[PDB]
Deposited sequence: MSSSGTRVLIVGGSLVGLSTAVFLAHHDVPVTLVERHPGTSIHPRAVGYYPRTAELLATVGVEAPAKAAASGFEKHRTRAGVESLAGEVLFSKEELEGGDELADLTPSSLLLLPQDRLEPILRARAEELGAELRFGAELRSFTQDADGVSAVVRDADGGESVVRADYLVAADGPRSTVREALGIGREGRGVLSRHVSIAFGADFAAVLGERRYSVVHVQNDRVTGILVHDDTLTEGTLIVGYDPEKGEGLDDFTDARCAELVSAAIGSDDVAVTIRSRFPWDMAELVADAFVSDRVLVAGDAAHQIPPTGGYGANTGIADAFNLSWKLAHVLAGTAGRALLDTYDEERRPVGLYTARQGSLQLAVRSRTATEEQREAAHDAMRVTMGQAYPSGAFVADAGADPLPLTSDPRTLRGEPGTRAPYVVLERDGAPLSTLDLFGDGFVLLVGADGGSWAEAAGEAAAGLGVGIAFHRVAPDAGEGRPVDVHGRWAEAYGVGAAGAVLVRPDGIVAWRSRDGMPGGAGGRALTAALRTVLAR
């Protein structure tokens, strides 16, 4: 009945549901909580992440849900929101059609929830994975519902999106490396009349510091929902269980600094700033994604972004394995591609935490990469692609403006037109294998036909040429070939996740194009 089980219906579990259901994979997701968390959590989604979301219709609604917060331009440090202000302060179109999506997770998640439900994913909230076993043939998972009733869900594969304390990762005996837990915090979600204390003021985030509370205070677009994130010191013997609703009300009220503002605590969650990365992201039929794979220090919001990229990477791979078009070893490439990225990003988070706390060495500041290089400039060291002979390999990240369609990299953004209507290379990707070809590369259509037929996998052919053709992509400014690092007679095979899989810099005479592409694609699909 149900073929991929996801554990966790936070960001990554749901990005997984949307991506698997996009690819016509039967998904059951389980989330122990009765819905998606009202806490804001990770608030910035970088252009690359937005592009990923574009492929499943999530960018436009998320951009719409984000304009409410676009006004929230001011960062400040205060004694209390009602008290004294101590301090207050206030991509680009050749690379990406997307901008930074300033949207809290509690707004992005319901969008992903809706889209997953539309694409036919089964989402069981208030449902807890107790334990699981895996054999040669699949995975058997014990689910306890809200009523306390248990059942065994049978799946081909299990995706662990169950967060930092992932009982799956632990059940599998996958350890973790990194600098570990830096600080322990509690997120306190509450309802309050922010307007009555804000006036015309709108903040992104407020640092609160007075005798009774230190912490990070956020308000939503509506000025009704707020979060207070506070430290606790286990050296003082403080823990989570000290954050009783009494205690939570007292902190929030001292952060507001009013008394007259009625506060309703909705929930507190524990939240650690940590650098901890799984040794392995794949254990036979279990795929570890998200905070379960990589706790990342939150400065730059790399965690939530990395985890959606995890979900995007593994999703089509599972779809290809489940449909018998890819060898089971295709999934191993999830680990090969995303673990180095996971580990690199987690360390990037630590550099940023160090640069922001003003405790970085010039070496930490030297090694800290632009967020666009971290999220868009990735060159997978190895995985589901075929490298170019002779062309020197890329490091893990580069300036994404220097990338020219090297296999293992984001197939570049090239502005096109179809019947006068704007488009890009990116609009072409996300649904299946895409073969793109230059002006002189008309023969590569037969090439795509042969490989598609030979291997039983769809290959959407598009020639990119600088003069019209009704319903044909027009290379408006004649950039495609240069941008993809091929001649006008060349071809570039793009994976479902928009990563370049293979290319021919030159044309291939006769059947050679078809034989080569078949072998290229046979390798990427582990066949």
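*Asks:* Point out each run of deposited residues with no C-alpha coordinates, keeping the order of the sequence.
*Replies:* No C-alpha for residues 1 to 4, 95 to 100.
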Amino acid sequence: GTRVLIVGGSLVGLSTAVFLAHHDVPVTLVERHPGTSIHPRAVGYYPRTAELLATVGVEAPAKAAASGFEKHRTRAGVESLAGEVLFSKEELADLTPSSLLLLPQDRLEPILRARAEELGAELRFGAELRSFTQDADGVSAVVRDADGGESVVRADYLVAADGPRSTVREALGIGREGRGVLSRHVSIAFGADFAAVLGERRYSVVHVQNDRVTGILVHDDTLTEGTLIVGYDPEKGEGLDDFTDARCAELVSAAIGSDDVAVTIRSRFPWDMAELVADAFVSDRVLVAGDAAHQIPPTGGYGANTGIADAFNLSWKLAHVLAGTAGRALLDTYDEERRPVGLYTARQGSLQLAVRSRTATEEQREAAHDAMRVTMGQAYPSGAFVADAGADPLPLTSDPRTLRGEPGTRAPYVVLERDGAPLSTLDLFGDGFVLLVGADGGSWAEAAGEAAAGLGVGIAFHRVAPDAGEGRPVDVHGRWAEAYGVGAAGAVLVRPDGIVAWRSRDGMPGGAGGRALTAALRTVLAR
From here on, numbers count along this sequence of modelled residues.
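*Asks:* Please work out which of 56 to 64 and 459 to 467 has the higher mean CA B-factor as recorded in the PDB entry.
*Replies:* For C-alpha atoms only, the mean B-factor is higher in 459 to 467.
*Asks:* Tell me which stretch has the larger mean Cα B-factor in this entry, 104 to 112 or 304 to 312.
*Replies:* Averaging CA B-factors over each stretch, the winner is 104 to 112.
*Asks:* Out of 392, 366, 162, 370, which residue has the highest Cα temperature factor in the PDB record?
*Replies:* So the option with the highest C-alpha B-factor is 392.
*Asks:* Report the option among 171, 453, 322, 346 whose CA atom has the maximum B-factor in the deposited record.
*Replies:* Within the set 171, 453, 322, 346, 453 shows the top C-alpha B-factor.
*Asks:* If you rank every modelled residue in this chain by C-alpha B factor, which third holds residue 183: lowest, middle or highest?
*Replies:* Middle third - that is where residue 183 ends up once the chain's C-alpha B-factors are sorted.
*Asks:* Please place residue 26 in the lowest, middle or highest third of its chain according to the CA B-factor in the PDB entry.
*Replies:* Within its chain, residue 26 is a middle-third residue by C-alpha B-factor, going by the deposited values.
*Asks:* So where's residue 205 on the chain's Cα temperature factor ranking, which third?
*Replies:* Answer is highest: the recorded C-alpha B-factor places it there.
*Asks:* When the deposited Cα B-factors of this chain's modelled residues are ordered and cut into thirds, is residue 478 in the lowest, the middle or the highest one?
*Replies:* Highest third, going by the recorded CA B-factors of the chain.
*Asks:* Should residue 444 be placed in the lowest, middle or highest third of its chain by the C-alpha B factor in the entry?
*Replies:* Middle third.
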